[PDB]
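J.: Let me see the structure of the following:
(6 chains)
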Amino acid sequence: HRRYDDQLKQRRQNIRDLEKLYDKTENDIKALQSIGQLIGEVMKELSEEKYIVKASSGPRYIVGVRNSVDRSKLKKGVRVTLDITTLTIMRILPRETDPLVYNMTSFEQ
Amino acid sequence: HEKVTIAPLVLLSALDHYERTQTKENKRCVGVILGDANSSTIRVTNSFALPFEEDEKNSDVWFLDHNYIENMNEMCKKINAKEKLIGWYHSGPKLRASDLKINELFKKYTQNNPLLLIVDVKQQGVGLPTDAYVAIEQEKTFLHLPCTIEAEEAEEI
Amino acid sequence: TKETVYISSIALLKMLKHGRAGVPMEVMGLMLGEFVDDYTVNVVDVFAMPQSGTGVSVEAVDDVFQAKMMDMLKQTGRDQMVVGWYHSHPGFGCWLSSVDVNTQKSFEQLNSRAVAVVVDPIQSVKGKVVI
Amino acid sequence: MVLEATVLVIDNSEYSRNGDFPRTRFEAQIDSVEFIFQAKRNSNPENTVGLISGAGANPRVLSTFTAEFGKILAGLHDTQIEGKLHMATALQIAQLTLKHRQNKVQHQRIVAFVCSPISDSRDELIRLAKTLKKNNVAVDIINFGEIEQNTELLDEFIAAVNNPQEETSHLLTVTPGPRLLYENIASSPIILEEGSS
Amino acid sequence: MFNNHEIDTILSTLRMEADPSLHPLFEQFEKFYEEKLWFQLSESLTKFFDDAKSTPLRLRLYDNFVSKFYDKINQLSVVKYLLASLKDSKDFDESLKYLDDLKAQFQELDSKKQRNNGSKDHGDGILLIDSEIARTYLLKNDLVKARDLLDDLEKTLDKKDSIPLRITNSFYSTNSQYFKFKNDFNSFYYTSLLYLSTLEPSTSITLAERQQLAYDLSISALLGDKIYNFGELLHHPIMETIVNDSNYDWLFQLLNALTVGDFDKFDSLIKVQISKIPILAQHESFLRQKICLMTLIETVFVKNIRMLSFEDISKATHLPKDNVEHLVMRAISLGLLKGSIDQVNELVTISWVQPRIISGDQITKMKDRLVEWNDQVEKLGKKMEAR
Amino acid sequence: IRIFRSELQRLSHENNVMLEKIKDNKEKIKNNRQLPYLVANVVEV
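T.: Numbering: from 1, shown residues only, chains lettered A, B, ... in the order given. Let me share the structure:
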C-alpha cells in the first residue's frame, strides 16, 4: 500500500523542483526580449525637454525626456541613460566615470 | 487610485474584429489586453479577441474558453515577452451577468485587478470610445480610472 | 499588372511595432488576406514570427507556431490564406534585406502572390511613413 | 460504432453538502473520468469528452474537449463543494460548448452528475427539452442525493424530454456507501450501448 | 423542548449515511437538559437557525468531530458558530481556558487539510486563527498588550482575500472593543460603522442586540463631531430598527435639537453618566454651528454670496458677541472648515468643504445656477459661429 | 489509497505536459544561442 505512495511522494518533490525551472527558463526569453541602452553624460542644457548628452563613443546628440525620470537630476555633470533607437533619455543611473573595478579594488587579504 | 493609458492602435483594432465576425446587436465580442499593470499608470500595448458566445434572452449564458487564453499567452511569449495579461475587454453598451461573472475568471491568469473596457462601436458622444472600469471587492462597484490616450513618437504620427 | 499592397491602419502600425525593439535587432512576421492579382491587394491581419538562430531567413518560419496562430485567428474571423511574409531587417541601410536574397524565389512555389514588406530605415516617421 | 461528444456537468446544492461517500466524496467523480475516456475515445475516434460546471462556485467551463482526460482532471482542482443551484444555466451553457467543437454534425451526449431534486421551474425545463431534441442533444442525469431522490421535477424533466428512444437520457441511481461509481456508469447505457445516432 | 431532544437527534443522523461517527453518549447527553430549554450548541444544521447561549455539556465531545463537520454540512459552522461562538457563552470560568481547544488543538494542523486533501476549496485556515488572537486580551489583562496584535490583523486583511464580509467585520470588532474602554471615541465611532452599516447579510443579530448595538453607536457620536452628525444613522438601518422610548430616542432628539439650539431638552432625558462630562455640551454646540458655517456658500442665499456676521451666528448659537468670536476659532482648529474672520467689520469669511447627508436645500439652486448658463448659450453661440 | 495514487501520477503526466513546454522554450534558447556571438567587456555587474 505504502510502496506505490512513497514513489509518488518522491516525484512530487521533483515536480516542485521543475516548477522553479519553468519560470527560470521563461525568464531567459524575457531577459533576451530587452534591448540595449546607451549610457552618456549630460554636457549642456539646451532647454527644459531638450538636453545635450555626449555618447560614450564621442558623438553628441539632442535627446528628449520621459515621464519616468526627474529633470532635476538630468542637469549637467550627471551620467544618464540614452536610447539606441530614438536617442532619448530612458532611465537614470549613478555616476561612474569608467567602471574599472580591478583598478578601484585593491584585493585586501 | 490608478491611471489608464491606451494607445490608439489598441482601440481601433478591437473594433475591426467586431465587424469581421458579422456581430449584430444581439451578440457582443469579448477579448483580452496586454501591458504593464505594476505601475500606477496602466498601459495597454496589445489586445486580442476571443470567441465569445452569449444568449440574448439569458444573461447567465456565456462561452469563455481559457485554453485559447493559455495558448494566446504562449504565443505572445515568442513575440513580446515584456507583455503580460493585465485584464480583458468586451464590446456592447450593456452590462449584464455575462460580463460581470467572468471578471473573476480572468483573475486566475491576471495578477492585478482585471481592467474592464466597454468599446463603443458607434462612438456616441464626446470622446473616449472605450471606458476603463475597475472593480472593488469591498459592495462591488464599477469605477472609471482616468483613462488617457498616448502612444510613442512613431505611433502617434 | 504588378502587386501593390493596400495596408490598413492597424496592419501598418503592427509591422512597425514588431520591429520596434532595437536598431540592429531583426524580427519577422506573416501577412494574411484575400485579394486578386492585377492590381488591388488587401491585408486582413498580421502577426509576428519567432526568431531562429539564423535571424531572418527561409528556415526561420515555424510551421508549429504558424498553425497555432491560424487557429487563434480562425475564431476571431480573421483567418485568411497566406499572402506573404514581412521582415524588419537591421540598421545596415544599404539595400533592404541584409540576408534574404533568393528566399523569395522559394516563396513563389507556395504562393505566387507572396511579397516581402521591409522598412529599410528602421523607424523613421516625420511627415510620412516609408515602407 | 458510436460517434458522439461527451460533456461532464458538476453541480452542487443543499443535498451535496455531504463530504464522504465511503471515506470521501467527489473523488469518485474524478476516478470515473478515466473510465469514460478509455471506453470512448480509445475505443473509436471522433469521440471527445468535455467538462463544465454549472453550479457550486461559478457556472464556468473547467476543461474543453481535449485529446486526453488529464487536463480534464486538472480542471477539477480548487473546486468548491457548495454553491448555488442553477439547472437551466448549466444546460444552456452546455449547448454553447457543443456549438463550438471539432468534428461537428455528430451525436451530442451530456453526462450530468446531480445530487439535487432540481426544483426551479416547470415550464423552463420543458422549453429547454424541445430545443435539445432538434439538435439531438442527450443530457444524462445521474442521481446521488441521499439514497434515491425521485418524484420531483428531475423525473419530470426526463419524462417530457423524450420524443425518440435512445437519444435523450437514462436514469441511474447510486447508493451512497462503499460502492464503485464507474461500475454502475459502465454498465449503464450512458457509455456506448444505447444512444448511438 | 422536545424538538431538540428528538428531531435534532434525527437530523444529525440523516447526513453522511447514518450516525456520522457519533459517539454513543451523543444520544445520552440529549437526555440531560430535556425540558429545561438548554440547546447548547445545536451543531451545524440546526445551529444555523437556532442560537444557544447556554454552557455546552458536549464542548469536549464534538472537538474530535471537527473533521466530520466538513463532511456533514459545511466548514462555515466551525469558523462562525460552535467553538468560534464560545465567546458568546460569557462564562467567568471558561475565561482563558480555551487555549487548549481553540489554540493548541488547532495548532496541530497547518492549512486545516493535512494528507486528507480533497478538491481543496478556499476559505479555511484563516478565521480559525486570527479571530482568537485578539480575543485573548479583550478580557482579564488590559488591552494595552492587545494593540500589538491588532496591527497584524489589519496587515493580513489587505494581503489575503475573503469572499464573505463577516471575516473582515470580525477584525473590526476587535478594534472596536479596544477603543470602547478607552478615550478618543472618534476612532471607536469609525470602526463601529465599518462593522455594520449598509451590509444586510453580514452581522446577523437578533432584535434585542440591535438596540444594544445602537446604544454604542449613540454614545460614540456624543463625544465627537466627526463623520457627519447624529442624523447619519437616520438613513442607515439603525434608528429605524430601534424603539422610540426607553432612552433610545437620544439620536432622534438631537436631530431637531441642532436647529432649535436648546441643551436643556436633551439634558433632562439623559442620565448622570453622560451629563457629568462637559465634552458632551461642547461638541453638541459645534454641530449646531457647523450647519450655519456651511450656509456661506450654498444653503439659503441663492446668489452664492459668501458672507457671515457675528450677529447672525449669535442668534443661532444663543451666545453673545464675545463668545462667538472665540468659538469660530475652535471649529477651524479642529479641521472642520478653512477660513478666517474679521473683528473690525464684524464679518466671518469661511468656505465650504465637508459635505452633509441632507438634501432638498441645494437641489433647486444647482438647477438655478445652470439657468444662468442657459441665457449664455445664445449671445456667444451665435456670434462665434458667425465668424 | 487507489485515488491518492491516481492523482500525483496523473499530475506528473501534466507536469510532463509542462515539461514539453519548457523543452520547446529550450529549443528556442537553442535558437537564441548561436555560435557567432561577439565579445565585449563588462565594466560593472
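
J.: Once you drop chain neighbours, what's closest to the residue of chain B found nearest chain E?
T.: Residue nearest to chain E within chain B (Cβ to the nearest Cβ): residue B:137, separated by 6.8 Å. Just so you know, the C-beta spots here come from the backbone N, C-alpha and C atoms, and that holds for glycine as well. Excluding the flanking residues, the one nearest residue B:137 by Cβ to Cβ, 6 or more residues apart in numbering or on different chains is residue E:161, at 6.8 Å.

J.: Three-state assignment for the one you found, please.
T.: Here residue E:161 is recorded as coil under DSSP: H, G, I helix; E, B strand; the rest coil.

J.: now do residue C:31
T.: strand.

J.: before we move on, back to that, need the phi and psi values for the residue nearest to residue B:137.
T.: phi -140, psi 130 (degrees, to the nearest 10).

J.: ok, it to chain A distance?
T.: With the distance defined as Cβ to the nearest Cβ, to the nearest Å, residue E:161 ends up 23 Å from chain A.

J.: Tell me how far that residue lies from chain D.
T.: Counting by Cβ to the nearest Cβ - residue E:161 and chain D are separated by 13 Å.

J.: now do residue C:103
T.: From residue C:103 to chain D the distance is 35 Å (Cβ to the nearest Cβ).

J.: burial of that residue, as a residue count?
T.: Look at residue C:103: counted by other Cβ atoms under 10 Å in any protein chain shown, it has 18 neighbours.

J.: Quick one: residues contacting it.
T.: Contacts of residue C:103 were listed using Cβ atoms under 8 Å, 6 or more residues apart in numbering or on different chains, and they are C:57-58.

J.: try residue E:84
T.: So residue E:84 contacts E:78, E:127-128, E:131-132 (Cβ under 8 Å, 6+ apart).

J.: Spatially central residue in the chain, please.
T.: The chain I'm using is chain A. With distances taken as Cα atoms, centre = their mean, the residue of chain A nearest its centroid is residue A:37 (8.1 Å).

J.: right idea, wrong chain: chain B
T.: Short answer for chain B (Cα atoms, centre = their mean): residue B:89, at 1.7 Å.

J.: So that residue belongs to a strand, correct?
T.: Yes: using three-state DSSP, the assignment for residue B:89 is a strand.

J.: Isn't it up against residue B:30?
T.: Yes: checked against Cβ atoms under 8 Å, the pair residue B:89 and residue B:30 is within contact range at 7.2 Å.

J.: returning to what we had before: ok, the residue lying closest to the residue nearest to the centre of chain B once chain neighbours are set aside to chain D distance?
T.: Leaving aside its chain neighbours, residue B:89 sits nearest to residue B:117 (3.6 Å; criterion: Cβ to Cβ, 6+ apart). Distance of residue B:117 to chain D, computed by Cβ to the nearest Cβ: 21 Å.

J.: swap in residue E:79?
T.: 13 Å.

J.: Surely that residue and residue E:130 touch.
T.: No: using Cβ under 8 Å, residue E:79 makes no contact with residue E:130, being 10.8 Å away.

J.: Between these two, point out the one with more neighbours.
T.: residue E:79 (22 against 18).

J.: Can you tell me, leaving aside adjacent residues, what's nearest to the more buried one?
T.: residue E:127 (4.5 Å).

J.: which residues touch the one you found?
T.: Per Cβ under 8 Å, 6+ apart, neighbours of residue E:127: E:79, E:84, E:162, E:167, E:170.

J.: what two of the residues you listed are the furthest from one another?
T.: E:84 and E:162 (14.7 Å; Cβ to Cβ).

J.: Tell me how many other residues surround residue C:62.
T.: 18.

J.: Show residues contacting the host helix or strand of the residue nearest to residue B:89.
T.: Taking DSSP states H and E as the definition, residue B:117 sits inside strand B:116-119. Residues from elsewhere that reach strand B:116-119, judged by Cβ under 8 Å, 6+ apart: B:11, B:14-15, B:18, B:33, B:87-93, B:95, B:99, B:103, B:129-135, B:142.

J.: what do you get for stretch C:89-100?
T.: Residues contacting stretch C:89-100 (Cβ under 8 Å, 6+ apart): C:23-26, C:54-58, C:87, C:116, C:118, C:120-122.
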